[PDB]
Amino acid sequence: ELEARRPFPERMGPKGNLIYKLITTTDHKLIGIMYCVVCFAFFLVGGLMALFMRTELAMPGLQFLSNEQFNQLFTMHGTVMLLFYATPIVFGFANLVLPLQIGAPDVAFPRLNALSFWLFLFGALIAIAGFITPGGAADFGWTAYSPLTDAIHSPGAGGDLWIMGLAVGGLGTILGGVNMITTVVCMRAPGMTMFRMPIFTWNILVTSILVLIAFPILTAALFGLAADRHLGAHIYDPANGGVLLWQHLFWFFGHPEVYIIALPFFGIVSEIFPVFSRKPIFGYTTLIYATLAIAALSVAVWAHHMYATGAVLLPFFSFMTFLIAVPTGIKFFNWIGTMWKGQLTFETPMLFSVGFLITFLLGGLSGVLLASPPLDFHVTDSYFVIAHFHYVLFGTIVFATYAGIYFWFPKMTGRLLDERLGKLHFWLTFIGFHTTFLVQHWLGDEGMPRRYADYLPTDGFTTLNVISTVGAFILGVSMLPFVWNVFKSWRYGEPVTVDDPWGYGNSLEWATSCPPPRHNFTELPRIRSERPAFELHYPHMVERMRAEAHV
Amino acid sequence: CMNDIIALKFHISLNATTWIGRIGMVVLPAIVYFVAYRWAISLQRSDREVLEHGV
Amino acid sequence: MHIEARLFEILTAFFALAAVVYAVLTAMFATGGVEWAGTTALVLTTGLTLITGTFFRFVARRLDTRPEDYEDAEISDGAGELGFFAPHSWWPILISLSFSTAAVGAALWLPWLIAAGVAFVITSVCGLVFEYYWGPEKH
Amino acid sequence: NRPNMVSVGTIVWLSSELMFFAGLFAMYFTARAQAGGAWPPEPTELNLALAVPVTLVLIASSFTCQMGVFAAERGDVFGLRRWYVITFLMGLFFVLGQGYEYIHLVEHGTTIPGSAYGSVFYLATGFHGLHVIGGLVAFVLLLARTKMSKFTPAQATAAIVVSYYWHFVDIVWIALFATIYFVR
Amino acid sequence: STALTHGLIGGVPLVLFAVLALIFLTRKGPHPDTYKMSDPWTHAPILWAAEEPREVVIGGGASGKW
Amino acid sequence: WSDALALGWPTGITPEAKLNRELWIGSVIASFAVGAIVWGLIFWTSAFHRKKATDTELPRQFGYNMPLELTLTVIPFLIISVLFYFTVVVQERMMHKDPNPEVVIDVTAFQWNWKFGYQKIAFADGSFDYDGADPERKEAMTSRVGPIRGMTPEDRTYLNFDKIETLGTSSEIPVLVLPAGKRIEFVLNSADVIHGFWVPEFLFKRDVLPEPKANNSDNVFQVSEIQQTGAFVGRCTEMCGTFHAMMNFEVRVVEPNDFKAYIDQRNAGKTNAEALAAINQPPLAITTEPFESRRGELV
Amino acid sequence: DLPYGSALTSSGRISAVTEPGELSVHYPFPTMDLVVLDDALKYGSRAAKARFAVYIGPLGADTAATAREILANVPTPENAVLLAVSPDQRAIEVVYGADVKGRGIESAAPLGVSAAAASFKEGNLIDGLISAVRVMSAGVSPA
Ligand code: HEA
Ligand code: HEA
Ligand SMILES: CCCCCCCCCCCCCCCC(=O)O[C@H](COC(=O)CCCCCCC[C@@H](C)CCCCCCCCC)COP(=O)(O)O[C@H]1[C@H](O)[C@H](O)[C@@H](O)[C@@H](O)[C@@H]1O
Ligand SMILES: CCCCCCCCCCCCCCCC(=O)OC[C@H](C)OC(=O)CCCCCCCC[C@@H](C)CCCCCCCC
Ligand SMILES: CCCCCCCCCCCCCC(=O)O[C@H](COC(=O)CCCCCCCCCCC)COP(=O)(O)O
Ligand SMILES: CCCCCCCCCCCCC
Ligand SMILES: CCCCCCCCCCCCC
Ligand SMILES: CCCCCCCCCCCCC
Ligand SMILES: CCCCCCCCCCCCC
Ligand SMILES: CCCCCCCCCCCCC
Ligand SMILES: [Ca+2]
Ligand SMILES: [Cu+2]
Ligand SMILES: [Cu+2]
Ligand SMILES: [Cu+2]
Ligand SMILES: [Mg+2]
């Protein structure tokens, strides 16, 4: 029984194996791969923006940055790192495994799926292109409040390019969300019922609905904003009532948008915990209800970002915001229950997911504090917020993103990332993030507002800013091990000759080869539960799972 | 040659346009040569796929 | 596809309840009367789920149990041609470039560039639509 | 049977489009609440002698569009072309009718920078007019595809989903027409 | 001061990188140890063949022994 | 210890601030208790449920505990309900406005500094009455048809002006003088964009909006009293432009007799700097100093 | 008969799994050395238009006859060259197909054995195979 095999898998394709594929591909796997590379390019670009800001806020006074440059820095940093990195990578992972999870050969609209990538890429470049302008890029913040974003207060072309760049990228997001809903409804494999899909597929379908509610209203608001700057309209005139009008629409977009970049990464860890715990996902039916409740509740809580304005019904939004804490808390108890009485080995995909649980909770606790208007009356527009949202956005779009990458890299490569290099990256990232964002809780409470280019030496913010500056550079140097691991393990990584390199995979992508073929499936097993791959690979456990399912 | 009008219409510094063309006078031809060489060879592979697998 | 429509109806009920409650809760308690920008979005948020939910209801009542909608369905039940899926196309990148050209013209307020972008978008969209329908050349 | 993938995608996207008009409606309603008693204020004077006949033409375009759908499902490509050409002509009349009303309103002092009412009125109706123009482009593109190949069920599906967009556009105008010309 | 502030920002990340790297990068990876001639061949038989050119009578051969 | 559980919150100088800080400490205690339980559960399973290197069979495959799921759903609902009640109680006290205040302050924010005016002073004991309303300069902004309800966007009639005003300068931090132990009313009106009136010792802030009445914004908030004297810094908190970070102000609290005297020099034509020196107070702000005009050290 | 976690699919393919943190290949040679050997095998066969094969393992009692049966597993046996090395038996056997005959392989077959043997006394197995492939591929004409 001798089979002929190469000593090593081919490192790279021959000349001309990719360039024509990149611009003509309709395969979701290649499109999903192009997302991650571009998303990480914007991650590195946006991360450098924060480093300039962080190194300027190290010592009191403007050493190398002006007020205008600093104002442009956080606006572009936030815009790039929420809309150009976080939102696309939601569909970056969705183009990767969602057709595999539901047993589909492709997405519903292969052409429209490819259009979303290029539309997003050219939309993101337009907004960033404001830096090359002499006036500079947008300097009014990613919330672009009115009438600051007005032609009178923002006359440069950088703000105009920021508005139109978001509109082009927003159109791609809407098309991507349309594709995902159609793919889930119509492209499901036989035997794959609605309540049999993986949690990640459930989260993406739910997230895509939130896209259709939020992004079109943002496109409408931006178009009205462009009319004011170019046609001299009175859409957002303060005397007309547009100061509240713009904020209401923008936050009706914004809070659904943060859950657009939260629920899919809740799904990502929900696929990793069962695999490395050798246990089924706890509360699988409950997790779906929690996700639906989170999606529904996220639409009518938009005004808790507007507590300091004194123009919203505080009791309504405070109570509704508190309601979101219940389904989110249920997710932790299900994730903890998944690891309970299991067999944890703590690999790199598992290690990052564990860091998510520790990191996310502290940011979640800060969210409940801000949800109450009396407590928000003092910490709003201060570094307590910045500490809260860099604990909740770094717990998911980074920890869960890295966990999913380490989880699905062998699936889409046939090669395994280095575990020793992965452990170094995780610990460096954890230590750096905690060092740079734990002290900012005290800074905001001490009386330091957000969006401040300079502070006086007598303010007493110097010591904590230096500590935060040290940790941020640790985050910067933590990128080198991960980039090196991806660069080396892609071509010289450990080959994967098995369908499931992690052994106890549950979703359908682990029932196919690594990498999957062009149509993702040369065979399909019988689907009788939410873990078809586990049932196929371990037939002797079919009886045990049914009998021991209920405690 | 049209940098000054491009600078005025597209809101770009005139010094930037001169130096973009100056650096791009050697960098861009090198980039285009690499892309075109791979693109031309990539097209040949696309034709080989139809020959051995059909339309 | 009973479950698919039930998901949107569940969202429809909550969105309708929130829109009605919040409108009636701002008309008598918010300063200035009804919150309009804010209420209008909630009312039409229900319409987004109402349109999709109603269509899914009508579709479900027409077609019988699908192989993917069957609790205990066999893999061989779904054998056959699924449909048409585009193998490759360079049109989508041209559409994005065409749309980005108009956006840059709109951002800088260049009427000539906006007109070129609109013409480019129509030309690029025409290629995408007609890509798999152009007949052989008649010479 | 089988769920129509193209119809599902179009309907799902059409629902998202409704949220785009939600922003436009919010601007009009927010400005209306701040009018103080004059809505529309002087010198704006809306007339129903022109809006009503133009609105009725757009409503009648839905009936002709639906007639083409029946021909499309029946396999009669020529019947589909006849009804969609008529729908295109009456849909074009809506744009010309709206454009004619714009000229008179501008000449009477109602412009986008002139008044806050002019801003909410023009962007709300103008963006809908852009949707009508986009729908007219869809009619031409679909009609051009009918002469390229034989009438296939996939070709008939494209005719149905185009009518879905036209029906959505007509429904949106009815909301805009009632909100602007009646709820003053 | 200004010297201490710049030293911590540029020194601690480099110091932490070196300490953390020595902990993990010095560990033994999952790759098996290199086979030695003295040790017996306990591994399964290995058949290696190239994929080129792209797709039984024996013409002869040669023998050897070391 | 209240100094460590406040996480850096100032002690406060008003009764509303003291009540707000009490809610903050209790909420932090509740949050830490919940966080410790979840962290303990995560750490317990990460150290005692690790794959033992002698356990052959896979672990029990259980993923549904209906009695447990309901219990861990009601408990979070009870905690937020308890917090919501205290949240409603505190916010009602903080936003309460007395119909008969004794000091009214007109706060005007612009790009990029502050202007403070004394609209009306009427002490509760009747020892000091003053009327700072100046209607001969508020109606000079009338501008009229108009794009918005008959008026141009440059109407500016919503702005309030007073006879005695403290104008901020790029080289002089504006100082607001308030009596100790007296109720203060703050009226916030912006000029071009949104700003932020935040005093960290107040433990409360509200965004300064242009045309607050047309935006349905309650731009008026009051404090019951100021419990101690001294100087307290104030910063702009809502992003407003280039110099958002360089438009700070200072609030000076003095005795009621000193406050009454200070108004007399201001009425006598004395500027803010010299009037403060007349009541044995520093002429300039001590908590904050004007920022350097040099765009940086490389200029 | 299938290993733990391995299953037989409907189409006959084998869906195998490996424990997390483990390898699916685990060849007892460095990764870089394997890459060099693949380059020698891939490029050497390309310049010779004859598939080159490398076998490591037992060869039974008679090494010459065992390699003949092993070459049958190599794709396109008629145009394949197999190099068999038995570390335990300390013997080298080279066998080629009928199409390889008359192409200049008879002068390179002892060349590869001697070159591989010389590096085999130094404790280098992968290096010996790499050296054997290079000299054997350099003495074979295309087609
Ligand atoms: C996904 C969301 C996301 C992510 C991942 C991050 C990442 C980081 N952010 Fe950011 N941030 C936001 C979202 C995010 N941010 C948002 C929404 C805002 C508000 C915007 C606004 O105020 O309007 C904000 C604003 C914001 C603030 C407060 C703004 C203010 O001062 O008012 C700060 C504090 O310094 C901060 C710092 C950091 C740091 C140190 C990181 C670290 O993660 C970054 C370190 C990462 C690196 C990658 C370092 C770079 C490494 C390199 C090697 C660079 C080399 C690159 C090239 C050569 C191309 N960001
Ligand atoms: C992933 C992104 C993300 C997520 C998940 C969240 C989650 C939450 N956020 Fe936040 N938020 C942002 C991203 C996010 N946020 C951003 C980017 C901003 C500001 C951006 C800007 O302004 O520029 C922001 C700002 C923001 C504000 C506005 C504050 C201000 O501007 O002044 C508020 C107000 O309530 C808020 C609250 C919450 C709450 C209550 C949750 C809850 O969902 C969290 C609930 C989670 C838990 C509660 C943990 C699990 C529960 C348990 C373990 C049980 C414990 C039970 C109790 C404590 C009762 N966040
Ligand atoms: C035709 C395209 C070919 C491009 C190919 C690639 C080649 C590009 C090389 C990059 C060159 C950039 C270096 C310019 C270096 C330089 O001289 O410029 C500086 C200003 O920075 C900058 O330029 C930074 C911007 C960099 C531009 C990046 C290039 C991307 C563009 C080219 C892509 C085009 C989009 C695609 C087109 C689509 C068509 C189809 C493809 C300062 O000058 P100034 O402006 O005087 O500012 C004064 C201070 O200096 C002084 O201190 C003081 O502060 C003041 O005096 C200040 O005024
Ligand atoms: C290869 C060129 C890549 C871009 C070169 C410049 C890319 C340069 C990136 C590294 C250096 C950045 C380090 C930080 C520099 C800084 O602190 O500012 C000082 C400077 C004085 O202020 C600036 O504003 C700098 C320019 C900002 C970057 C414009 C990004 C343009 C976006 C797209 C338009 C790019 C299109 C690429 C098109 C690529 C070519 C396609 C043919
Ligand atoms: C511009 C049309 C005016 C007529 C109004 C009535 C509508 C019917 C149009 C029928 C067109 C038939 C063309 C055809 O089948 O040829 C097809 C090819 O022509 C095209 O592709 C024309 C595309 C036009 C794109 C521009 C659209 C602009 C829309 C503006 C809306 C305001 C078939 O060619 P073939 O038979 O394969 O040789
Ligand atoms: C990995 C966790 C890092 C946490 C850093 C906290 C540092 C706090 C220092 C406080 C110093 C006050 C003077
Ligand atoms: C959710 C509350 C988080 C609180 C973090 C506090 C970090 C400690 C800062 C110490 C600073 C001492 C001056
Ligand atoms: C006192 C005014 C009551 C208004 C009831 C709510 C009206 C909502 C209008 C939404 C229209 C969306 C098209
Ligand atoms: C006080 C008047 C409130 C008017 C609300 C406007 C609702 C208009 C809805 C029209 C929908 C027609 C389909
Ligand atoms: C007088 C200074 C007291 C500092 C107390 C710091 C407390 C830090 C708590 C951190 C909690 C993290 C969950
Ligand atoms: Ca500094
Ligand atoms: Cu929020
Ligand atoms: Cu300000
Ligand atoms: Cu400010
Ligand atoms: Mg704010």
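Chains as they are written, first to last, in our numbering: chain A, 35 to 585; chain B, 1169 to 1223; chain C, 380 to 518; chain D, 27 to 210; chain E, 514 to 579; chain F, 128 to 426; chain G, 412 to 554. Every residue gets a Cβ at the ideal spot worked out from N, C-alpha and C, and that includes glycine.
Residues near residue i in its chain [Cβ-Cβ closer than 7 angstroms; skip 5 each side]
{"i": "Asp385(F)", "result": "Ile406"}
{"i": "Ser270(F)", "result": "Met278, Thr279, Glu281, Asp282"}
Three-state secondary structure (DSSP) of residue i
{"i": "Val378(F)", "result": "strand"}
{"i": "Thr293(F)", "result": "strand"}
{"i": "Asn554(A)", "result": "coil"}
Straight-line gap, residue i to residue j (C-alpha atoms, nearest Å)
{"i": "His422(A)", "j": "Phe118(A)", "result": "21 angstroms"}
{"i": "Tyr318(A)", "j": "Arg177(F)", "result": "23 angstroms"}
{"i": "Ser254(F)", "j": "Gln474(A)", "result": "46 angstroms"}
{"i": "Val517(A)", "j": "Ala75(A)", "result": "11 angstroms"}
{"i": "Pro414(G)", "j": "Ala427(G)", "result": "8 angstroms"}
{"i": "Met513(A)", "j": "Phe1202(B)", "result": "29 angstroms"}
{"i": "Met115(A)", "j": "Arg421(F)", "result": "32 angstroms"}
{"i": "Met53(D)", "j": "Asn342(F)", "result": "13 angstroms"}
{"i": "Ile269(A)", "j": "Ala59(D)", "result": "13 angstroms"}
Cut-off 6 angstroms between Cβ atoms - residues of its own chain near residue i, not counting five sequence neighbours on either side
{"i": "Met93(A)", "result": "none"}
{"i": "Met116(D)", "result": "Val83, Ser87"}
{"i": "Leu209(A)", "result": "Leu146, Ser150"}
{"i": "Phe386(A)", "result": "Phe433, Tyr436, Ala437, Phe460"}
{"i": "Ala324(A)", "result": "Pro361, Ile364, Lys365"}
Integer Cβ distance of residue i from residue j, believed to fall under 8 angstroms
{"i": "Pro559(A)", "j": "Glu447(C)", "result": "Incorrect: roughly 15 angstroms between the Cβ atoms, too far for contact."}
{"i": "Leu452(G)", "j": "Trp561(E)", "result": "7 angstroms"}
{"i": "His1179(B)", "j": "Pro549(A)", "result": "With a Cβ gap of about 45 angstroms, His1179(B) and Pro549(A) do not count as contacting."}
{"i": "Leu195(A)", "j": "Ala486(C)", "result": "5 angstroms"}
For this session: Taking only beta carbons into account, state which residues of the segment 380–411 of chain C come closer than 8 angstroms to chain D, listed in chain order.
Result: Taking 8 angstroms as the Cβ-Cβ cut-off, the segment 380–411 of chain C approaches chain D at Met380, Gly411, given in chain order.
Exercise. When Cβ atoms are compared, which residues of the segment 246–273 of chain F fall closer than 7 angstroms to chain D?
Worked result: Answer set for the segment 246–273 of chain F: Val272.
Exercise. What residues in the segment 129–141 of chain D bring their beta carbon closer than 7 angstroms to a beta carbon of chain A?
Worked result: Only those residues of the segment 129–141 of chain D whose C-beta falls short of 7 angstroms from the nearest C-beta of chain A are listed: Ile138, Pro139.
Exercise. At a Cβ cut of 7 angstroms, what residues of the segment 507–522 of chain G count as close to chain E, listed as they run along the chain?
Worked result: So the list reads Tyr507, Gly508, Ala509, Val511, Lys512, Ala520, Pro521, given in the order they occur along the chain.
Problem set entry | Positions along the segment 75–95 of chain A whose CB lies within less than 8 angstroms of some CB in chain E | Of all residues in the segment 75–95 of chain A, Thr89, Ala92, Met93 have a Cβ within less than 8 angstroms of some Cβ in chain E.
For this session: Give, in chain order, every residue of the segment 94–116 of chain A whose Cβ lies closer than 7 angstroms to some Cβ of chain E.
Result: Listed in sequence order: no entries.
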